[PDB]
Amino acid sequence: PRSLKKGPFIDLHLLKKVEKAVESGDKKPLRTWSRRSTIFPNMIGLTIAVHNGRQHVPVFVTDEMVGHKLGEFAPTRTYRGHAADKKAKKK
Amino acid sequence: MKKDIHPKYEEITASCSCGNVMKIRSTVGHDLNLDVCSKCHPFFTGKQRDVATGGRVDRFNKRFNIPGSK
Amino acid sequence: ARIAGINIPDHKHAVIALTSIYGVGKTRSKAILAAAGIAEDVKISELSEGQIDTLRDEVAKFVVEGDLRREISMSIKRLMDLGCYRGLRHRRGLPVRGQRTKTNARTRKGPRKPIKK
Amino acid sequence: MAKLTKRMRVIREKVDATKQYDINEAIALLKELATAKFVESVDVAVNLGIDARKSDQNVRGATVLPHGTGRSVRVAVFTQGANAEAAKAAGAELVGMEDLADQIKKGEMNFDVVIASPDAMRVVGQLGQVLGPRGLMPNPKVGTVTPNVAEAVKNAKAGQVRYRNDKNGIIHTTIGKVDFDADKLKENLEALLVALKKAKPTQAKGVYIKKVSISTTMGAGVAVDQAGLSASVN
RNA sequence: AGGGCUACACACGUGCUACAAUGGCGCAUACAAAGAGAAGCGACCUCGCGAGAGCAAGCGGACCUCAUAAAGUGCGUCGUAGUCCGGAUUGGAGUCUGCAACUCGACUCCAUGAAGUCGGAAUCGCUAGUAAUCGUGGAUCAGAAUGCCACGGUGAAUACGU
RNA sequence: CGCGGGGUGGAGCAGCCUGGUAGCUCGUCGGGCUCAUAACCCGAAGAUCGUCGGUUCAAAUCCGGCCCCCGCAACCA
RNA sequence: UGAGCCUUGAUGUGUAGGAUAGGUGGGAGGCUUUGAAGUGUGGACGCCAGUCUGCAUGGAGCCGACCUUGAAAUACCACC
């Protein structure tokens, strides 16, 4: 297994996004480039739009996803299935 | 009523007013107020950064580096 | 005296023989024998049943297989209803620990396959 | 198999000519053509004109002879549960289950006949169809398969003989020793002939006895014109 | 700044190691060459199952260290059952380089435990320190070698004939 | 009346007799080869072997029953 | 020369088995020069030299009950 080693991360980018977001409880989805960032208690009930490189994809932040990174809910690679080859695109 | 085909009565006909004496009478939360994940929710419970045990030696509060030293 | 029966290699020395009551690969077995006062280079045929009891009691604390195979079952399934990437790679069957998918999918996703064209 | 050896060559010299014989002169000749140090046994080959297809159209069973043969007839009792003494007092050697289930499985039996209970026979002895020439298993068709085992021991030691077909209408059956007189022998003969005749089908009103040939054991054989209906030498 | 070629329905080129017992298991046991270590590595140290941790004499490398070189040997042990070969996967915990290890990073290690019994079509180097086979170090080098380069262990059949 | 032969992957065949072992030509689908085209090589899938039951470690085969197709039987007159 | 009827005579080279497996009853062996076997002579007799074997001489053997392999077991006489 892999880990986060030993130091403390809160991410600089989510600290400053979250501080302005919490004050209303919630507002419209926060435009996020931070795919490096873990999910945290401070972020519970926010809606984080996560750039995947092509576009932002909405991740709804909630208690069950705190063991995880923002970049896990938001996808990257495309899988061609083998019922039959993928004919179409998905955005 | 066909009595005999119904299972034994030890805890049936006895004591419909019973305690929690070996087992509870009612569970909480099974009517699902949040949808069930079957997960323990990590870094919510618990810690994002690992335990420090092993390599227990007196801390140096002023900057130090093992290859930066000769 | 068979530890547990079903698969033990017969007239085999004691260290490999115990990998069939489960929860005890070689390392834990080594320490379990040391406790009971048993040497490694004995064969497992030489022992009275009361040593077999002293062994079984020291195994019986470690993880039961019934729980071990449940632990991997519940670990993929949890991830898999969540939609984290860990859980998505388990969904397709592909490797999760960095292995190729253009090659070396076989141990998880099964034999090589016909492709219509 | 019938390999060409010494013990037949001497007998084959001592014969005068091979031809089909009147039964009383077949028996007097056959007694001359024993050779062995052991007392030879006498049995009869009778060709039956029945169809000989499975059972309906077969002749199957046993009879008790009025005079017994000079052989012992090695009877075993294959059962799961009997009082041993009661079966031994009838004349049996061995009563049990494990030893007789073991033989009929392995495919070799020390014993010539086994008497079986229905509960022994069912698992081992009942299926076997290509059973060889040593005849190990119990059979229903013979009538040796009975729960009245102690009865079957007492009629086996006193004189009970069997008849059965192969793939053909031929019945070979024990008639006695070469030790015996001609009268006693014709008397054994006629008792068998009457039992196969009682068991004969209704379609067997044509030609029934086709050929008769009489045999002795280690020693050679003598062809017969027919068996006749008589219990006497004259 | 994030994402990718490291994708997956697969085929193919190559190399690795294996499919045993010539070996592997346990315990005991042996000797390398060559080179790297000035920004760096490093005995003893105390902690740690190990990895690693935090301290540090010392070094200039024929002094100290990477590094226990492995294969091979000793003894006792194993029979085709994918095992007593082979050990991949995966769960889980400890550790690491870096704001940051999710798809796409490294290491230790616990438990369970598959494919594969020499493989169709295809398919290559070799004349002897070679071929085969076993391990090592280094170049590169944030973090990662099956590869490349060289080194030493152990070291083959035969070359009639055109 | 009676005798005797046959019932195979989607299509036509082989194997058969004390047996196991699905084999040949097609149609199908995937791969390989040659500098390339070319012919050619290689694998796979496909069956209750007419259907039922029995013996045996083994049945398409041997054994018992049933439905179907055909030659002869010169027969329905 | 078919068919019927009939006198005697044999090979059986199995997956597993030392070799000798048509179905199967009698039935536990033939000691007769050891039943042998054996160079040698002939004979039955075949998945081609293999199973069995007559005999001057030969006390040296098929091969079971047993010992052993198999679904079935084996001698030797019969029956076909």
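Definitions and limits used
Residues numbered from 1 in each chain as written, not as in the entry; some residues may be left out. Chains lettered and ligands numbered in written order. Part of a larger assembly, values for the part shown. Heavy atoms only, no water. Near = heavy atom within 4 Å. Polar contact = N/O pair within 3.5 Å; in protein donor to acceptor, adjacent residues only side chain to side chain. Nonpolar A, V, L, I, M, F, W, Y, C, P; charged D, E, K, R; others polar. Contact = heavy atoms within 4.5 Å. Buried area = accessible area lost by both parts, 1.4 Å probe. Salt bridge = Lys/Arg side-chain N within 4 Å of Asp/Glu carboxyl O. Patch = residues over 30% accessible without salt bridge, like charges linked within 9 Å, V, L, I, M, F, W, Y side chains within 5 Å. Areas by Shrake-Rupley, 256 points an atom, 1.4 Å probe, with all protein chains shown as cover. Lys, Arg positive; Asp, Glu negative; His and termini not counted. Charge placed at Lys NZ, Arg CZ, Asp CG, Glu CD. Helix = DSSP H or I, 4+ residues; strand = E, 2+ residues; numbered from the N terminus. Buried < 20%, exposed > 50% of the residue type's maximum accessible area, 1.4 Å probe, protein only. Pairing = 2+ DSSP bridges. Axes fitted to C-alpha atoms, helices over the stretch in contact; angles between N-to-C directions. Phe/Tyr/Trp six-rings, centres within 6.5 Å; stacked < 30°, edge-to-face > 60°.

The record lists cryo-EM as the method behind this PDB entry and 11.5 Å as its resolution.

Draft legend 1. Representation of the protein's contact with RNA strand F within the structure. In the vicinity of RNA strand F, the residues found are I115, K116 and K117 of chain C together with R53, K54, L127, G128, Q129 and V130 of chain D. Between a phosphate oxygen of RNA strand F and a side-chain N or O atom of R53 of chain D, the distance comes to 3.2 Å. Between RNA strand F and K54 of chain D, the relevant distance is 2.9 Å, taken from a sugar or linking oxygen to a side-chain nitrogen or oxygen of the residue. When its residues are assigned to classes, the surface near RNA strand F shows 3 nonpolar, 2 polar and 4 charged.

Draft legend 2. Seen up close, the interface of chain A and chain B. Each partner contributes to the interface: chain A provides 16 residues, whereas chain B provides 12 residues. If you sort the residues of chain A by the area they bury against chain B, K6, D63 and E64 of chain A come out on top, with a joint share of 39%. One can count 0 salt bridges joining chain A with chain B. At the boundary of chain A and chain B, one finds 4 residue pairs in polar contact.

Draft legend 3. Up close: a positive patch on the surface. On the surface, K5 and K6 of chain A together with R56 and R59 of chain B cluster together to form a positively charged patch. Within the element layout of this structure, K5 of chain A appears in the segment before α1 (12–21). The class of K5 of chain A is exposed, set by a relative accessible area of 62%.

Draft legend 4. Spatial organisation of unusual backbone geometry. In this model, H41 of chain B sits at a positive phi of 55 degrees, which is unusual for a non-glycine residue. Residue classification places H41 of chain B among the buried positions, given a relative accessible area of 17%. Located in the positive-phi region is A52 of chain D, a residue other than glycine, with phi close to 60 degrees. For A52 of chain D, the location among the structural elements is in the loop between β2 (41–48) and β3 (61–64). By relative accessible area, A52 of chain D is classed as buried at 14%.

Draft legend 5. Expanded view of the sheet that holds strand β1 (residues 30–32) of chain A. Residue and element names in this part refer to chain A. Read from one edge of the open sheet, 3 strands run β1-β2-β3, paired in mixed fashion. Sheet topology places β1 and β3 (56–60) at the edges, where each strand pairs with a single neighbour. The mean inter-strand angle of the sheet, taken between neighbouring strand axes irrespective of direction, is 30 degrees.

Draft legend 6. Highlighting the packing of aromatic side chains. All names here are of chain B. Counted according to the given criterion, the structure contains 1 aromatic pair over all chains. Measuring from ring centre to ring centre gives 6.2 Å for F60 and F64, while their planes differ by 75 degrees; the resulting arrangement is edge-to-face. Both residues of the pair, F60 and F64, belong to the exposed class.

Draft legend 7. Just the interface of chain A and chain C, in detail. Counting residues at the interface gives 13 residues for chain A and 11 residues for chain C. Counting each side, the surface lost to burial between chain A and chain C is near 1,000 Å², with a carbon and sulfur contribution of 54%. It is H68, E72 and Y79 of chain A in chain A that bury the most area against chain C; as a group they hold 40% of the surface buried on that side. On inspection of chain A and its partner chain C, the count reaches 0 salt bridges. At the boundary of chain A and chain C, one finds 4 residue pairs in polar contact. The class makeup of the residues in the side of chain A that touches chain C is 5 nonpolar, 4 polar and 4 charged.

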